[PDB]
Amino acid sequence: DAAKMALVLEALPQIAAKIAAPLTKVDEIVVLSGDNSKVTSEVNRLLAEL
Amino acid sequence: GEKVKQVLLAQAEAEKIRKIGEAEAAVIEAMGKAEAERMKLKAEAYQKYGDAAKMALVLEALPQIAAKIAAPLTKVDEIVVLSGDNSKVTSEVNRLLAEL
Amino acid sequence: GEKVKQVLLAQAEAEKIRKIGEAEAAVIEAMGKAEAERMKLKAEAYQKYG
Amino acid sequence: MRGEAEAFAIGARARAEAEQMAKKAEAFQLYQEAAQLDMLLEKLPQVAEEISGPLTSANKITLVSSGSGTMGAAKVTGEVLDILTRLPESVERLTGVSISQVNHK
Amino acid sequence: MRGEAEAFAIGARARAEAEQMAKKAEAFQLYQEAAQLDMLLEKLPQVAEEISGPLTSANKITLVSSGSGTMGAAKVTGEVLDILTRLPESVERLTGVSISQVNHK
């Protein structure tokens with residue numbers, strides 16, 4: 001069983017690398033969280049902008 | 001002249017492949033016996049590890065596993081943490097005595 | 001002239017690998033014994049901490 | 001001539017590879033849990049490397065939190081460890097060998 | 001010649017590495033809790049370094065508070081410590097060894 005486990009442990013990195021390859025094409029990732037709403041609170045006046 | 005020449009040189013190519021094949025087999029065999037001694041000795045030593053030693057192996061693996069997990073955070077740009085209430089609360093105070 | 005030369009120099013390469021291998025094994029062994037003394041002494045002192 | 005000679009090279013190499021596995025198979029019988037543990041500890045960061053590596057190619061990531069939630073890095077880092085943890089439980093479906101040092105079976 | 005000679009270097013090196021682990025294994029039997037504690041204390045900031053380090057690459061962070069809530073730095077700093085704390089409890093799932101000095105088991 002320790003030898004059978006070694007064969008699998010050697011195959012995992014191989015199988016993992018081929019599965020994860022498409023992630024190289026990821027560009028943007030946006031993680032919203034905490035509430036299920038469109039919450040745009042932003043504070044600070046425009047004392048001079050047109 | 002073409003036939004005897006081609007035959008003599010084809011035998012040389014075959015002699016090379018056979019000699020190299022035999023030398024390689026002797027190396028692969030010897031290397032296997034040396035590697036098996038590592039596996040045996042490593043096993044006979046590891047079999048005696050106490051819980052403080054087993055904890056040391058894991059504690060040494062955590063930083064390794066952690067570094068590879070956290071690597072993608074290097075690409076983080078913006079992070080905005082709203083808090084305290086679940087609403088769009090834009091209160092801003094101060095007059096525009098002169099802005100158009 | 002090509003054969004005797006290649007054979008003599010291949011033996012030199014093998015002699016170098018063997019000599020370096022033996023010297024290295026002696027260092028690894030000695031270093032292990034010194035490091036084990038640290039672990040032992042550190043343990044025998046830490047075991048007395050209040 | 002070349003074909004007959006190559007068959008001998010394959011056969012000579014075959015016999016040497018077979019004795020390697022024979023002695024490696026005998027050595028594996030000595031791998032108690034204290035030794036098996038190291039096999040997992042060595043290949044856990046390697047599986048994380050081939051999963052995280054291609055993900056690091058990402059050009060930009062943005063995290064937004066609100067009200068009750070966490071910040072976000074926990075979600076991002078979590079997915080890498082999740083894909084790594086999902087894999088061994090995934091191969092087990094097409095071959096009953098275990099990649100979990102006892103604990104369950 | 002080079003192959004036969006290299007096998008001896010592997011074997012010589014193997015015997016030395018094995019005696020290192022043998023004497024290191026005997027030394028670990030003396031590690032009572034007062035000594036084990038230091039193993040955690042040394043590697044806790046190291047795990048925090050490899051988790052926080054890549055997160056410091058962030059270009060900008062903005063924190064907004066309202067009504068009842070906290071300011072926000074507590075959430076941000078909290079996530080680093082959370083990912084660090086989540087990890088040991090995560091590896092325990094694929095190997096039953098403990099990374100918590102007794103207290104529970």
# chains A, B, ... in the order shown; residues from 1 in each chain; ligands from 1
call {"tool": "interface_residues", "arguments": {"of": "chain E", "to": "chain A", "cutoff": "12 Å", "atoms": "only C-alpha atoms", "output": "list in words"}}
result
residues 62, 63, 64, 65, 66 and 75 of chain E
call {"tool": "write_last_selection", "arguments": {"atoms": "C-alpha atoms", "output": "mmCIF file, in the first residue's frame"}}
result
data_model
loop_
_atom_site.group_PDB
_atom_site.id
_atom_site.type_symbol
_atom_site.label_atom_id
_atom_site.label_comp_id
_atom_site.auth_asym_id
_atom_site.auth_seq_id
_atom_site.Cartn_x
_atom_site.Cartn_y
_atom_site.Cartn_z
ATOM 1 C CA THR E 62 -10.113 51.638 1.045
ATOM 2 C CA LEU E 63 -12.020 51.279 4.312
ATOM 3 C CA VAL E 64 -15.510 52.689 4.954
ATOM 4 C CA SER E 65 -17.490 52.586 8.187
ATOM 5 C CA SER E 66 -21.060 53.442 8.963
ATOM 6 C CA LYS E 75 -11.255 42.920 9.057
#
call {"tool": "interface_residues", "arguments": {"of": "chain E", "to": "chain D", "cutoff": "12 Å", "atoms": "only C-alpha atoms", "output": "MDAnalysis selection string"}}
result
chainID E and resid 21 25 50:52 54:88 90:97
call {"tool": "write_last_selection", "arguments": {"atoms": "C-alpha atoms", "output": "tab-separated table (two decimals), in the first residue's frame"}}
result
chain	number	residue	atom	x	y	z
E	21	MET	CA	17.69	10.90	10.71
E	25	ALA	CA	14.67	10.68	15.67
E	50	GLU	CA	4.33	33.73	3.04
E	51	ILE	CA	0.59	34.59	3.41
E	52	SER	CA	0.98	38.35	4.11
E	54	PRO	CA	1.99	38.31	-1.56
E	55	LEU	CA	-1.02	40.22	-0.13
E	56	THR	CA	1.18	43.34	0.45
E	57	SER	CA	1.45	43.63	-3.38
E	58	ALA	CA	-2.04	45.27	-3.31
E	59	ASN	CA	-1.96	48.73	-4.95
E	60	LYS	CA	-4.77	50.41	-2.96
E	61	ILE	CA	-7.10	49.59	-0.05
E	62	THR	CA	-10.11	51.64	1.05
E	63	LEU	CA	-12.02	51.28	4.31
E	64	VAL	CA	-15.51	52.69	4.95
E	65	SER	CA	-17.49	52.59	8.19
E	66	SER	CA	-21.06	53.44	8.96
E	67	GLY	CA	-23.56	53.46	11.84
E	68	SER	CA	-22.83	50.47	14.09
E	69	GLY	CA	-19.70	48.95	12.49
E	70	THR	CA	-16.02	48.86	13.29
E	71	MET	CA	-13.61	50.93	11.22
E	72	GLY	CA	-12.13	48.15	9.02
E	73	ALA	CA	-8.39	47.48	9.73
E	74	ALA	CA	-9.59	44.66	12.08
E	75	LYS	CA	-11.26	42.92	9.06
E	76	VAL	CA	-8.14	43.30	6.90
E	77	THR	CA	-5.62	42.13	9.50
E	78	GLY	CA	-8.12	39.45	10.61
E	79	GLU	CA	-8.07	37.74	7.17
E	80	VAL	CA	-4.25	37.20	7.33
E	81	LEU	CA	-4.49	35.55	10.77
E	82	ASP	CA	-7.59	33.61	9.59
E	83	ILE	CA	-5.81	32.13	6.53
E	84	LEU	CA	-2.86	31.26	8.83
E	85	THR	CA	-5.25	29.61	11.37
E	86	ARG	CA	-7.33	27.85	8.66
E	87	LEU	CA	-4.24	26.11	7.18
E	88	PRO	CA	-3.27	23.74	10.12
E	90	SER	CA	-6.97	22.15	6.76
E	91	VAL	CA	-3.95	19.79	6.54
E	92	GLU	CA	-5.32	17.81	9.53
E	93	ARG	CA	-8.12	16.63	7.16
E	94	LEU	CA	-5.60	14.72	4.92
E	95	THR	CA	-3.35	13.42	7.81
E	96	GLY	CA	-4.42	13.13	11.49
E	97	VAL	CA	-1.23	14.67	13.01
call {"tool": "select_by_dssp", "arguments": {"residues": "chain D", "states": "strand (DSSP E)", "output": "count of residues only"}}
result
6
call {"tool": "calpha_fit_and_write", "arguments": {"fixed": "chain E", "moving": "chain D", "output": "CSV table (one decimal) with N, CA and C atoms, in the first residue's frame"}}
result
chain,number,residue,atom,x,y,z
D,1,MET,N,31.4,3.3,-16.6
D,1,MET,CA,32.3,3.9,-15.5
D,1,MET,C,31.6,5.0,-14.7
D,2,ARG,N,31.1,6.0,-15.3
D,2,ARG,CA,30.4,7.1,-14.6
D,2,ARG,C,29.2,6.6,-13.9
D,3,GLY,N,28.4,5.8,-14.5
D,3,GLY,CA,27.2,5.3,-13.9
D,3,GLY,C,27.5,4.4,-12.7
D,4,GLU,N,28.4,3.5,-12.8
D,4,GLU,CA,28.8,2.6,-11.7
D,4,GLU,C,29.4,3.4,-10.5
D,5,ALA,N,30.2,4.5,-10.9
D,5,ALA,CA,30.7,5.3,-9.9
D,5,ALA,C,29.7,6.2,-9.2
D,6,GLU,N,28.7,6.8,-9.9
D,6,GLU,CA,27.7,7.6,-9.3
D,6,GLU,C,26.8,6.8,-8.3
D,7,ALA,N,26.5,5.5,-8.6
D,7,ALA,CA,25.7,4.7,-7.7
D,7,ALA,C,26.4,4.6,-6.3
D,8,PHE,N,27.7,4.6,-6.3
D,8,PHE,CA,28.5,4.5,-5.1
D,8,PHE,C,28.3,5.9,-4.3
D,9,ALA,N,28.3,7.0,-5.0
D,9,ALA,CA,28.1,8.3,-4.4
D,9,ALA,C,26.7,8.4,-3.8
D,10,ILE,N,25.7,7.9,-4.5
D,10,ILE,CA,24.3,7.9,-4.0
D,10,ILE,C,24.3,7.0,-2.7
D,11,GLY,N,24.9,5.8,-2.7
D,11,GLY,CA,24.9,4.9,-1.6
D,11,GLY,C,25.7,5.5,-0.4
D,12,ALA,N,26.9,6.1,-0.6
D,12,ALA,CA,27.7,6.7,0.4
D,12,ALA,C,26.9,7.8,1.1
D,13,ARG,N,26.3,8.7,0.3
D,13,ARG,CA,25.4,9.8,0.7
D,13,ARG,C,24.2,9.3,1.5
D,14,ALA,N,23.6,8.2,1.0
D,14,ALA,CA,22.4,7.6,1.6
D,14,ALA,C,22.7,7.1,3.0
D,15,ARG,N,23.8,6.4,3.3
D,15,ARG,CA,24.2,6.0,4.6
D,15,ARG,C,24.4,7.1,5.6
D,16,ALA,N,25.0,8.2,5.1
D,16,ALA,CA,25.2,9.4,6.0
D,16,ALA,C,23.8,10.1,6.4
D,17,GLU,N,22.9,10.2,5.4
D,17,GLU,CA,21.6,10.8,5.6
D,17,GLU,C,20.8,10.0,6.6
D,18,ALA,N,20.9,8.7,6.4
D,18,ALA,CA,20.2,7.7,7.3
D,18,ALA,C,20.6,7.8,8.8
D,19,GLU,N,21.9,8.0,9.0
D,19,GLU,CA,22.4,8.1,10.4
D,19,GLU,C,22.0,9.5,10.9
D,20,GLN,N,21.9,10.5,10.1
D,20,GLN,CA,21.4,11.8,10.5
D,20,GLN,C,20.0,11.7,11.1
D,21,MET,N,19.1,11.1,10.3
D,21,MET,CA,17.7,10.9,10.7
D,21,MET,C,17.6,10.0,11.9
D,22,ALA,N,18.4,9.0,12.0
D,22,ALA,CA,18.4,8.1,13.2
D,22,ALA,C,18.7,8.8,14.5
D,23,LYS,N,19.7,9.7,14.5
D,23,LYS,CA,20.1,10.5,15.7
D,23,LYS,C,19.1,11.6,15.9
D,24,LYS,N,18.5,12.2,14.8
D,24,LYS,CA,17.5,13.2,15.0
D,24,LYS,C,16.2,12.6,15.5
D,25,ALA,N,15.8,11.4,15.2
D,25,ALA,CA,14.7,10.7,15.7
D,25,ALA,C,14.8,10.4,17.2
D,26,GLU,N,16.0,10.0,17.6
D,26,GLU,CA,16.2,9.8,19.1
D,26,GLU,C,16.1,11.1,19.9
D,27,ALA,N,16.6,12.2,19.3
D,27,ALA,CA,16.5,13.5,20.0
D,27,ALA,C,15.1,14.0,20.1
D,28,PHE,N,14.2,13.8,19.1
D,28,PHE,CA,12.8,14.2,19.1
D,28,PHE,C,12.1,13.6,20.3
D,29,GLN,N,12.5,12.4,20.8
D,29,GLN,CA,11.8,11.7,21.9
D,29,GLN,C,11.9,12.5,23.2
D,30,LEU,N,12.8,13.5,23.3
D,30,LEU,CA,13.0,14.4,24.5
D,30,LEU,C,12.2,15.7,24.4
D,31,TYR,N,11.5,15.9,23.3
D,31,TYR,CA,10.8,17.2,23.1
D,31,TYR,C,9.5,17.2,23.9
D,32,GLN,N,9.5,17.6,25.2
D,32,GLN,CA,8.3,17.8,26.0
D,32,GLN,C,7.6,19.1,25.5
D,33,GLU,N,6.4,19.4,26.1
D,33,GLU,CA,5.7,20.5,25.6
D,33,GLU,C,6.5,21.9,25.7
D,34,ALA,N,7.3,22.0,26.7
D,34,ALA,CA,8.1,23.2,26.9
D,34,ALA,C,9.1,23.4,25.7
D,35,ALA,N,9.5,22.4,25.0
D,35,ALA,CA,10.3,22.4,23.8
D,35,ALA,C,9.5,22.4,22.5
D,36,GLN,N,8.4,21.7,22.5
D,36,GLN,CA,7.5,21.6,21.3
D,36,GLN,C,7.0,23.0,21.0
D,37,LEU,N,6.7,23.8,22.1
D,37,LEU,CA,6.1,25.2,22.0
D,37,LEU,C,6.9,26.0,21.0
D,38,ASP,N,8.3,25.9,21.1
D,38,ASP,CA,9.2,26.7,20.3
D,38,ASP,C,9.0,26.4,18.8
D,39,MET,N,8.7,25.1,18.5
D,39,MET,CA,8.6,24.7,17.1
D,39,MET,C,7.4,25.5,16.4
D,40,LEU,N,6.3,25.7,17.2
D,40,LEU,CA,5.2,26.5,16.8
D,40,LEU,C,5.5,28.0,16.7
D,41,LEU,N,6.1,28.5,17.8
D,41,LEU,CA,6.5,29.9,17.9
D,41,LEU,C,7.4,30.4,16.7
D,42,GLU,N,8.4,29.5,16.3
D,42,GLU,CA,9.3,29.9,15.2
D,42,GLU,C,8.5,29.9,13.8
D,43,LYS,N,7.6,28.9,13.6
D,43,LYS,CA,7.0,28.8,12.3
D,43,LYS,C,5.7,29.5,12.1
D,44,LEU,N,5.1,30.1,13.2
D,44,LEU,CA,3.9,30.9,13.1
D,44,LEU,C,4.2,32.2,12.3
D,45,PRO,N,5.3,33.0,12.6
D,45,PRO,CA,5.5,34.2,11.9
D,45,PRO,C,6.0,33.8,10.4
D,46,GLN,N,6.6,32.7,10.2
D,46,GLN,CA,7.0,32.2,8.8
D,46,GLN,C,5.8,32.0,8.0
D,47,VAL,N,4.8,31.3,8.5
D,47,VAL,CA,3.5,31.0,7.8
D,47,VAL,C,2.9,32.4,7.5
D,48,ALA,N,2.9,33.3,8.5
D,48,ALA,CA,2.3,34.6,8.3
D,48,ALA,C,3.0,35.4,7.2
D,49,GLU,N,4.4,35.3,7.1
D,49,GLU,CA,5.2,35.9,6.1
D,49,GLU,C,4.8,35.5,4.6
D,50,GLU,N,4.7,34.2,4.4
D,50,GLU,CA,4.3,33.7,3.0
D,50,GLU,C,2.9,33.9,2.7
D,51,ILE,N,2.0,34.3,3.6
D,51,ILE,CA,0.6,34.6,3.4
D,51,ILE,C,0.4,36.1,3.3
D,52,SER,N,1.0,36.9,4.1
D,52,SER,CA,1.0,38.4,4.1
D,52,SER,C,1.8,39.0,3.0
D,53,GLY,N,3.0,38.5,2.8
D,53,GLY,CA,3.9,39.0,1.7
D,53,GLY,C,3.3,39.2,0.4
D,54,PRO,N,2.7,38.1,-0.3
D,54,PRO,CA,2.0,38.3,-1.6
D,54,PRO,C,0.8,39.2,-1.5
D,55,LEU,N,0.1,39.3,-0.3
D,55,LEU,CA,-1.0,40.2,-0.1
D,55,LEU,C,-0.6,41.7,-0.1
D,56,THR,N,0.7,42.0,0.4
D,56,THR,CA,1.2,43.3,0.4
D,56,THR,C,1.4,43.9,-0.9
D,57,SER,N,1.3,43.1,-2.0
D,57,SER,CA,1.5,43.6,-3.4
D,57,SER,C,0.3,44.5,-3.8
D,58,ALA,N,-0.8,44.5,-3.1
D,58,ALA,CA,-2.0,45.3,-3.3
D,58,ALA,C,-1.7,46.7,-3.6
D,59,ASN,N,-2.3,47.3,-4.6
D,59,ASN,CA,-2.0,48.7,-5.0
D,59,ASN,C,-2.7,49.8,-4.1
D,60,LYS,N,-4.0,49.5,-3.8
D,60,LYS,CA,-4.8,50.4,-3.0
D,60,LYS,C,-5.8,49.7,-2.2
D,61,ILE,N,-6.1,50.1,-0.9
D,61,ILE,CA,-7.1,49.6,0.0
D,61,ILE,C,-7.9,50.7,0.5
D,62,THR,N,-9.2,50.6,0.6
D,62,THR,CA,-10.1,51.6,1.0
D,62,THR,C,-11.0,51.1,2.1
D,63,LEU,N,-11.2,51.7,3.2
D,63,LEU,CA,-12.0,51.3,4.3
D,63,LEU,C,-13.1,52.2,4.6
D,64,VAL,N,-14.4,51.8,4.7
D,64,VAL,CA,-15.5,52.7,5.0
D,64,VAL,C,-16.3,52.1,6.1
D,65,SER,N,-16.7,53.0,7.0
D,65,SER,CA,-17.5,52.6,8.2
D,65,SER,C,-18.8,53.4,8.2
D,66,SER,N,-19.8,52.8,8.9
D,66,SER,CA,-21.1,53.4,9.0
D,66,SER,C,-21.8,53.0,10.2
D,67,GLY,N,-22.7,53.8,10.7
D,67,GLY,CA,-23.6,53.5,11.8
D,67,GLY,C,-22.9,52.7,12.9
D,68,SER,N,-23.3,51.4,13.1
D,68,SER,CA,-22.8,50.5,14.1
D,68,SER,C,-21.5,49.8,13.9
D,69,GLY,N,-20.9,49.7,12.7
D,69,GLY,CA,-19.7,48.9,12.5
D,69,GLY,C,-18.4,49.5,13.1
D,70,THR,N,-17.4,48.6,13.0
D,70,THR,CA,-16.0,48.9,13.3
D,70,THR,C,-15.4,49.7,12.2
D,71,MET,N,-14.2,50.1,12.3
D,71,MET,CA,-13.6,50.9,11.2
D,71,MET,C,-13.3,50.1,10.0
D,72,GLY,N,-12.5,49.0,10.1
D,72,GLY,CA,-12.1,48.1,9.0
D,72,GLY,C,-10.8,47.5,9.1
D,73,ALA,N,-9.7,48.1,9.6
D,73,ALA,CA,-8.4,47.5,9.7
D,73,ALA,C,-8.5,46.1,10.4
D,74,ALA,N,-9.4,45.9,11.4
D,74,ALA,CA,-9.6,44.7,12.1
D,74,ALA,C,-10.0,43.6,11.1
D,75,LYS,N,-10.9,43.9,10.1
D,75,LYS,CA,-11.3,42.9,9.1
D,75,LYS,C,-10.1,42.5,8.2
D,76,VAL,N,-9.3,43.5,7.8
D,76,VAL,CA,-8.1,43.3,6.9
D,76,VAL,C,-7.1,42.5,7.6
D,77,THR,N,-6.6,42.9,8.7
D,77,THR,CA,-5.6,42.1,9.5
D,77,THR,C,-6.2,40.8,9.9
D,78,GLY,N,-7.4,40.7,10.2
D,78,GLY,CA,-8.1,39.4,10.6
D,78,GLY,C,-8.0,38.4,9.5
D,79,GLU,N,-8.2,38.7,8.3
D,79,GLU,CA,-8.1,37.7,7.2
D,79,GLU,C,-6.7,37.0,7.1
D,80,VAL,N,-5.6,37.8,7.3
D,80,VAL,CA,-4.3,37.2,7.3
D,80,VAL,C,-4.1,36.1,8.4
D,81,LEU,N,-4.5,36.5,9.6
D,81,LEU,CA,-4.5,35.6,10.8
D,81,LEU,C,-5.5,34.4,10.5
D,82,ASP,N,-6.6,34.6,9.9
D,82,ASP,CA,-7.6,33.6,9.6
D,82,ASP,C,-7.0,32.6,8.6
D,83,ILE,N,-6.4,33.0,7.5
D,83,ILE,CA,-5.8,32.1,6.5
D,83,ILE,C,-4.7,31.3,7.2
D,84,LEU,N,-3.9,31.9,8.1
D,84,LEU,CA,-2.9,31.3,8.8
D,84,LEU,C,-3.5,30.2,9.8
D,85,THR,N,-4.6,30.5,10.4
D,85,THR,CA,-5.2,29.6,11.4
D,85,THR,C,-6.0,28.5,10.7
D,86,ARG,N,-6.5,28.8,9.5
D,86,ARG,CA,-7.3,27.8,8.7
D,86,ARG,C,-6.5,26.7,8.1
D,87,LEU,N,-5.2,27.1,7.7
D,87,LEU,CA,-4.2,26.1,7.2
D,87,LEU,C,-4.0,24.8,8.0
D,88,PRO,N,-3.5,24.9,9.3
D,88,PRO,CA,-3.3,23.7,10.1
D,88,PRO,C,-4.5,22.9,10.3
D,89,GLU,N,-5.7,23.5,10.4
D,89,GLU,CA,-7.0,22.8,10.6
D,89,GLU,C,-7.3,22.1,9.2
D,90,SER,N,-6.7,22.7,8.1
D,90,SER,CA,-7.0,22.2,6.8
D,90,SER,C,-6.1,20.9,6.5
D,91,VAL,N,-4.8,21.0,6.8
D,91,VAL,CA,-4.0,19.8,6.5
D,91,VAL,C,-4.4,18.6,7.4
D,92,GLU,N,-4.9,18.9,8.6
D,92,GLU,CA,-5.3,17.8,9.5
D,92,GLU,C,-6.4,16.9,8.9
D,93,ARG,N,-7.1,17.4,7.9
D,93,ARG,CA,-8.1,16.6,7.2
D,93,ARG,C,-7.5,15.5,6.3
D,94,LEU,N,-6.3,15.7,5.8
D,94,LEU,CA,-5.6,14.7,4.9
D,94,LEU,C,-4.4,14.0,5.6
D,95,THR,N,-4.4,14.0,6.9
D,95,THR,CA,-3.4,13.4,7.8
D,95,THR,C,-3.7,13.9,9.2
D,96,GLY,N,-4.0,12.9,10.1
D,96,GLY,CA,-4.4,13.1,11.5
D,96,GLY,C,-3.4,13.7,12.5
D,97,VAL,N,-2.2,14.1,12.1
D,97,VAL,CA,-1.2,14.7,13.0
D,97,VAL,C,-1.8,16.0,13.5
D,98,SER,N,-1.4,16.4,14.7
D,98,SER,CA,-1.9,17.7,15.3
D,98,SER,C,-0.8,18.8,15.3
D,99,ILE,N,-1.3,20.0,15.0
D,99,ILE,CA,-0.5,21.3,15.0
D,99,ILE,C,-1.0,22.2,16.1
D,100,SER,N,-1.5,21.7,17.2
D,100,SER,CA,-2.1,22.4,18.3
D,100,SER,C,-1.5,21.7,19.5
D,101,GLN,N,-0.5,22.3,20.2
D,101,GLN,CA,0.1,21.7,21.4
D,101,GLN,C,-1.0,21.2,22.4
D,102,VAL,N,-1.3,19.9,22.4
D,102,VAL,CA,-2.3,19.3,23.2
D,102,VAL,C,-3.6,20.1,23.2
D,103,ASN,N,-4.1,20.7,24.3
D,103,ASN,CA,-5.2,21.6,24.5
D,103,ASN,C,-6.6,21.0,24.2
D,104,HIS,N,-6.7,20.1,23.2
D,104,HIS,CA,-7.8,19.4,22.6
D,104,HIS,C,-7.6,17.9,22.5
D,105,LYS,N,-6.4,17.5,22.1
D,105,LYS,CA,-6.0,16.1,21.9
D,105,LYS,C,-4.5,15.9,22.0
call {"tool": "select_by_dssp", "arguments": {"residues": "chain E", "states": "alpha helix (DSSP H)", "output": "JSON, numbers by chain"}}
result
{"E": [2, 3, 4, 5, 6, 7, 8, 9, 10, 11, 12, 13, 14, 15, 16, 17, 18, 19, 20, 21, 22, 23, 24, 25, 26, 27, 28, 33, 34, 35, 36, 37, 38, 39, 40, 41, 42, 43, 44, 45, 46, 47, 48, 49, 50, 51, 52, 53, 54, 55, 73, 74, 75, 76, 77, 78, 79, 80, 81, 82, 83, 84, 85, 86, 87, 88, 89, 90, 91]}
call {"tool": "atom_distance", "arguments": {"atom1": "atom CA of residue B:52", "atom2": "atom CA of residue C:36"}}
result
14.4 Å
call {"tool": "closest_residue", "arguments": {"among": "B:41, B:71, B:10, B:81", "to": "chain A", "atoms": "only C-alpha atoms"}}
result
B:81
call {"tool": "atom_distance", "arguments": {"atom1": "atom CA of residue B:43", "atom2": "atom CA of residue A:2"}}
result
11.0 Å
call {"tool": "closest_atom_pairs", "arguments": {"of": "chain B", "to": "chain A", "cutoff": "10 Å", "atoms": "only C-alpha atoms", "output": "CSV"}}
result
residue,atom,partner,partner_atom,distance
B:75,CA,A:29,CA,9.7
B:76,CA,A:29,CA,9.1
B:78,CA,A:30,CA,9.7
B:79,CA,A:31,CA,9.5
B:80,CA,A:32,CA,9.4
B:81,CA,A:33,CA,9.5
B:82,CA,A:41,CA,7.8
B:83,CA,A:34,CA,9.1
B:86,CA,A:35,CA,7.3
B:87,CA,A:39,CA,6.1
B:88,CA,A:41,CA,4.4
B:89,CA,A:41,CA,5.2
B:90,CA,A:41,CA,5.3
B:91,CA,A:43,CA,6.4
B:92,CA,A:44,CA,5.8
B:93,CA,A:45,CA,7.3
B:94,CA,A:45,CA,7.2
B:95,CA,A:47,CA,7.4
B:96,CA,A:47,CA,5.6
B:97,CA,A:47,CA,8.6
B:98,CA,A:48,CA,8.1
B:99,CA,A:48,CA,5.5
B:100,CA,A:50,CA,6.3
call {"tool": "closest_atom_pairs", "arguments": {"of": "chain B", "to": "chain D", "cutoff": "7 Å", "atoms": "only C-alpha atoms", "output": "tab-separated table"}}
result
residue	atom	partner	partner_atom	distance
B:11	CA	D:1	CA	6.8
B:14	CA	D:2	CA	5.1
B:17	CA	D:6	CA	6.6
B:18	CA	D:5	CA	5.9
B:21	CA	D:9	CA	4.5
B:22	CA	D:12	CA	6.3
B:25	CA	D:13	CA	4.9
B:28	CA	D:16	CA	5.9
B:29	CA	D:16	CA	4.8
B:32	CA	D:20	CA	4.7
B:33	CA	D:20	CA	6.8
B:36	CA	D:24	CA	5.6
B:39	CA	D:27	CA	6.1
B:40	CA	D:27	CA	5.3
B:43	CA	D:31	CA	5.6
B:46	CA	D:35	CA	5.1
B:47	CA	D:34	CA	5.6
B:49	CA	D:34	CA	6.3
B:54	CA	D:34	CA	6.9
B:61	CA	D:41	CA	6.0
B:64	CA	D:45	CA	6.1
B:65	CA	D:45	CA	4.7
B:68	CA	D:49	CA	5.8
B:69	CA	D:77	CA	5.8
B:70	CA	D:77	CA	5.9
B:71	CA	D:56	CA	6.7
B:72	CA	D:56	CA	4.6
B:75	CA	D:60	CA	5.5
B:76	CA	D:61	CA	4.7
B:77	CA	D:61	CA	6.0
B:78	CA	D:62	CA	5.3
B:79	CA	D:63	CA	4.9
B:80	CA	D:64	CA	5.0
B:81	CA	D:65	CA	4.8
B:82	CA	D:66	CA	4.8
B:83	CA	D:67	CA	5.0
B:84	CA	D:67	CA	6.0
B:85	CA	D:67	CA	5.7
B:86	CA	D:67	CA	5.0
call {"tool": "write_last_selection", "arguments": {"atoms": "C-alpha atoms", "output": "PDB file, in the first residue's frame"}}
result
ATOM      1  CA  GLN B  11      27.389  -3.758 -38.482  1.00  0.00           C
ATOM      2  CA  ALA B  14      24.531  -2.295 -34.635  1.00  0.00           C
ATOM      3  CA  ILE B  17      23.699   0.223 -30.169  1.00  0.00           C
ATOM      4  CA  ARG B  18      24.456  -3.144 -28.471  1.00  0.00           C
ATOM      5  CA  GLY B  21      22.604  -0.839 -24.459  1.00  0.00           C
ATOM      6  CA  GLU B  22      24.681  -3.165 -22.222  1.00  0.00           C
ATOM      7  CA  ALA B  25      21.672  -1.704 -18.372  1.00  0.00           C
ATOM      8  CA  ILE B  28      20.365   1.338 -14.385  1.00  0.00           C
ATOM      9  CA  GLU B  29      20.843  -1.858 -12.313  1.00  0.00           C
ATOM     10  CA  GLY B  32      18.451   0.916  -8.584  1.00  0.00           C
ATOM     11  CA  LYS B  33      20.376  -0.977  -5.863  1.00  0.00           C
ATOM     12  CA  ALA B  36      16.756   1.023  -2.764  1.00  0.00           C
ATOM     13  CA  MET B  39      14.502   3.975   0.672  1.00  0.00           C
ATOM     14  CA  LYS B  40      15.352   1.176   3.160  1.00  0.00           C
ATOM     15  CA  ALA B  43      12.239   3.907   6.204  1.00  0.00           C
ATOM     16  CA  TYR B  46      11.427   7.227   9.972  1.00  0.00           C
ATOM     17  CA  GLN B  47       9.733   4.220  11.617  1.00  0.00           C
ATOM     18  CA  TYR B  49       9.863   9.048  14.795  1.00  0.00           C
ATOM     19  CA  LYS B  54       6.069  14.069  13.211  1.00  0.00           C
ATOM     20  CA  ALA B  61       5.649  21.709   5.292  1.00  0.00           C
ATOM     21  CA  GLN B  64       5.930  25.629   1.910  1.00  0.00           C
ATOM     22  CA  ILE B  65       2.223  24.925   1.356  1.00  0.00           C
ATOM     23  CA  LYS B  68       2.187  28.460  -2.927  1.00  0.00           C
ATOM     24  CA  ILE B  69      -1.420  29.139  -1.769  1.00  0.00           C
ATOM     25  CA  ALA B  70      -0.863  32.869  -1.169  1.00  0.00           C
ATOM     26  CA  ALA B  71       1.099  33.594  -4.432  1.00  0.00           C
ATOM     27  CA  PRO B  72      -2.000  34.803  -6.489  1.00  0.00           C
ATOM     28  CA  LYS B  75      -2.065  40.382  -8.373  1.00  0.00           C
ATOM     29  CA  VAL B  76      -4.530  42.134  -6.010  1.00  0.00           C
ATOM     30  CA  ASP B  77      -5.031  45.813  -6.915  1.00  0.00           C
ATOM     31  CA  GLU B  78      -8.022  47.472  -5.234  1.00  0.00           C
ATOM     32  CA  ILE B  79      -9.629  46.346  -1.929  1.00  0.00           C
ATOM     33  CA  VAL B  80     -12.678  48.183  -0.575  1.00  0.00           C
ATOM     34  CA  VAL B  81     -14.001  47.348   2.858  1.00  0.00           C
ATOM     35  CA  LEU B  82     -17.396  48.834   3.591  1.00  0.00           C
ATOM     36  CA  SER B  83     -18.778  48.217   7.085  1.00  0.00           C
ATOM     37  CA  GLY B  84     -21.200  48.980   9.925  1.00  0.00           C
ATOM     38  CA  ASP B  85     -24.493  49.225   8.025  1.00  0.00           C
ATOM     39  CA  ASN B  86     -26.084  47.423   5.077  1.00  0.00           C
TER      40      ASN B  86
END
